[PDB]
């Protein structure tokens, strides 16, 4: 089947362009939605950094004029981009490999531009869209509504959220001297374009860890946590009725019943939720993966010392206390109504509300993606 895609600028003045980029269902061929409603399946270019040969910028009707409504074909790994004023320069690399705007890299053609995107996937099973602040918040927050079986709505960042986030993070940086302010991205004019999560600022330095921003943010805290659980159990409720597993630190290995082992994490690990003890590994049993998720989340939320049993029994009010925490997540959460701010933010105490920015429907009829308010 196909879904109807509605692109809408609710209030921003002037012209906003949307791009819809994805991997075609089955073929895996990068596809872009075109302004005319057709799909542009690029061929592999003759060189890297080959400008997208077709203009796939979809011009949005003016603020309030209603949506651009096209047919959304099924595609995965898909994005709806929005960009204000300008268009976005997409390139092609041999493959074809779409060169997506790199929100976090300053050399990027689009870096100085005001642009955002949300991720979605539309396959025969469901349209699954995701508002997510794991990586960045921008000056062009996206909201969505998915109409199918049910109506699902994800509230955007409110107007001005990215400025608030940038200011809070700069304030944080003033207090702790950590590079939170460097997560902020602004053009020559002064307006905040985006703020990126620490991992996106840290990954350029992954090859040179001794210069990585934030590298020692969590180091002291991690040592305190590892020391705590040398002498007392860490109980992680796997939830879903799977029960808790009790863990202890032996040397630098946090070991849970079931022999699930977690080496001592680094600030990098906590931020990426994907290195050190939080490195994904298909060999990991479900229990290990559940443990992994909850331990990463608990470190990000800085509840490892305060809550030897988690996530059940903790609440959001326990998160992000003290000087050393994932202030990106704290600040994003402060400044956003819904949506995750770090990779294991989906870890939530039972009975706490789902705060994912996800919208999914098994029979999507219209996927309204909007900027403005």
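Numbering follows the first chain given and starts at 1.
For the pair 96-104 and 186-194, the mean Cα B-factor is higher in 186-194. Between the stretches 286-294 and 172-180, it is 172-180 that shows the larger average CA temperature factor. Take 306, 38, 336, 326 and read off each C-alpha B-factor from the entry; 38 has the highest. Comparing the listed residues 349, 362, 22, 357, the entry records the largest Cα B-factor for 362. When the modelled residues of the chain are ordered by their C-alpha B factor, residue 213 lands in the highest third. For residue 65, the recorded CA B-factor ranks within the highest third of the chain. Only modelled residues enter the ranking. Residue 7: CA B factor in the middle third of modelled residues in this chain (values from the PDB entry).
Split the chain's modelled residues into thirds by C-alpha temperature factor. Residue 341 is in the lowest one.
Among the modelled residues of its chain, residue 45 has a C-alpha B-factor that falls in the highest third, as given in the PDB entry.
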